[PDB]
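Heads up: the structure comes next, in structure tokens.
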Amino acid sequence: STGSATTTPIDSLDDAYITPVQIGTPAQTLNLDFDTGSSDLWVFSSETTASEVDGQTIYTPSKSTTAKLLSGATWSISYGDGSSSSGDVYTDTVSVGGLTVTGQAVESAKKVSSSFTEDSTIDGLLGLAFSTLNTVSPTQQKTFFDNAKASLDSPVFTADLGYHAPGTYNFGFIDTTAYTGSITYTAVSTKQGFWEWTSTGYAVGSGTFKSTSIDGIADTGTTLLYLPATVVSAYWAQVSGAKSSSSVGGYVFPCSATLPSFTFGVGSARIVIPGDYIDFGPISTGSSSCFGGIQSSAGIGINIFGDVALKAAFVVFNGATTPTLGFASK
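Okay, so the sequence shown: first residue is 70 according to mature numbering (1 follows the signal peptide of the UniProt record, and there is no 0), each after it adds one.
Rendered as structure tokens:
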């Protein structure tokens, strides 16, 4: 089997992407944030505290003839941005782009933190990291990809995120029309439950490539590119007036600037992020100070190749017995 679904930016900045997902019988369609940095499929629901729902579409398990309570199971998750959610668990039929999994754990939110309530466009998350990170207790549950893998034509999914435009998540096949050149594959460590790999270095604009190993994670659920402070300082030094602002919480730059590109290495290959992808707009409405799309990871504990980096590439998440990642230009 295969599946193919379009993913759409939630706003004009590409702050996140939503993908329609069918849950239950008859289908209830919710728009989920596909997150290769976590491993829980959770949804706003009829059980969510009413004051914490503000415009989202909810899953109502009582209206699904295939929903079954997973007796005794609870879940609770906290994300790197400080947000969180928790609740109970059903199993139900879940389909993405024509690919159907029966018996998928659908984690029903009883509580969500304010940032989730305040984002009316995201109805939940669909985790695509390794199932060892799944938070369901006392019986850990598998991700949608893990459950579908054996039925897939090939044990892969691909992320093709657009810049200010829709893109595609495919399951079970590699669309050879969706990228240019060849796909360069690189080793993955699953030891922390992430799609963790080592970039071979970087360049700023037309500058020379610096060969240096950068361990990080391919994370569709993080907006920006988070890299070591040395690398980030080298980038922003090329932008007149750019500075790190503790009050704003990162590097800002004059909105009048033209940003240089940023290149990252994948083995001997190179992915180029155009400068425009690094502009996240005014820090507040009407400000002439703009927020940068490359930020320091020094306070995170891990480097994160988020959407800013991933949307410059066609990315293969290869879930073979030894997982690997592939990157192509497009």
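Yeah, the Cβ is synthetic: ideal placement off N, Cα and C, and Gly gets one too.
Among the options, which has the Cα closest to the Cα of residue i?
| i | options | result |
| --- | --- | --- |
| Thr105 | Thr327, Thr259, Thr129 | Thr259 |
| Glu187 | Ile79, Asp284, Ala298, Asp345 | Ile79 |
| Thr327 | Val317, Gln307, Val341, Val335 | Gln307 |
| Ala382 | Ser282, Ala228, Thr267 | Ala228 |
| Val317 | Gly196, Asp345, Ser353, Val112 | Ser353 |
| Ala247 | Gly336, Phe322, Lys380, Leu293 | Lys380 |
| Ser200 | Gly193, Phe213, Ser189, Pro207 | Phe213 |
| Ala397 | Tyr295, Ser251, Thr299 | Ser251 |
| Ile127 | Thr77, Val170, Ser152, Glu176 | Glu176 |
| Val165 | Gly141, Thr118, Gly241, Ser152 | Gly241 |
| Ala219 | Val170, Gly124, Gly196, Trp111 | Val170 |
| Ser268 | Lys279, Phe278, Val257, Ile283 | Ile283 |
| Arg339 | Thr393, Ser275, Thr76 | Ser275 |
| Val205 | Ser107, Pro95, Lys399, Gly270 | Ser107 |
| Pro224 | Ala378, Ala389, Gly319 | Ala389 |
| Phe333 | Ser309, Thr253, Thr393 | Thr253 |
Determine the DSSP secondary structure at residue i, reduced to helix, strand or coil.
| i | result |
| --- | --- |
| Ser398 | coil |
| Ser302 | helix |
| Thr269 | strand |
| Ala219 | helix |
| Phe386 | strand |
| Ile191 | coil |
| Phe278 | coil |
| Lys132 | helix |
| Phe199 | coil |
| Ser152 | coil |
| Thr169 | strand |
| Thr186 | helix |
In its own chain, which residues sit with a C-beta less than 6 Å from the C-beta of residue i, not counting the 5 before and 5 after it?
| i | result |
| --- | --- |
| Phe263 | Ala198, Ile286 |
| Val301 | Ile363, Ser365 |
| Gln210 | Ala174, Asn203 |
| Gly344 | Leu328, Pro329, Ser330 |
| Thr117 | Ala178 |
| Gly319 | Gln364 |
Look at the alpha carbon of residue i and the alpha carbon of residue j, and state the distance between them as a whole number of angstroms.
| i | j | result |
| --- | --- | --- |
| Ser314 | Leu82 | 20 Å |
| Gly167 | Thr71 | 7 Å |
| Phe113 | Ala136 | 15 Å |
| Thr98 | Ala311 | 43 Å |
| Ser183 | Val273 | 37 Å |
| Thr391 | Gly355 | 49 Å |
| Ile87 | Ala178 | 18 Å |
| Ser330 | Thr289 | 20 Å |
| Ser120 | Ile342 | 40 Å |
| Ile92 | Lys180 | 20 Å |
| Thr129 | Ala74 | 23 Å |
| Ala256 | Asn372 | 16 Å |
| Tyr304 | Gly141 | 50 Å |
| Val335 | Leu194 | 28 Å |
| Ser280 | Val385 | 23 Å |
| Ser147 | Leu110 | 14 Å |
| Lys132 | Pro95 | 8 Å |
CB-CB under 7 Å to residue i, same chain, minus the five flanking residues each way: which ones, in chain order?
| i | result |
| --- | --- |
| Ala234 | none |
| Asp348 | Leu328, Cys359, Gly362 |
| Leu139 | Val158, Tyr159, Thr160, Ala174 |
Ignore the nearest five residues each way along the sequence and tell me which others in residue i's own chain have a CB closer than 8 Å to its CB.
| i | result |
| --- | --- |
| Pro351 | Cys324, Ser357, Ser358, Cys359, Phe360 |
| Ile369 | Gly149, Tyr295 |
| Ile191 | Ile79, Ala85, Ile87, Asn100, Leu101, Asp102, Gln125, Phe185 |
| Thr249 | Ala397, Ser398, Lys399 |
(request) Scan the stretch 101-129 and note each continuous beta strand (DSSP E) run of 3 residues or more that stays entirely inside, going in chain order. (result) 110-112
(message) In chain order, what are the residue ranges of uninterrupted alpha helix (DSSP H) at least 4 long that sit wholly in the stretch 228-263?
(response) none
(request) List in chain order: all unbroken beta strand (DSSP E) runs of 3+ residues lying wholly within the stretch 320-393. (result) 331-335, 338-342, 348-351, 358-361, 363-365, 372-374, 383-387
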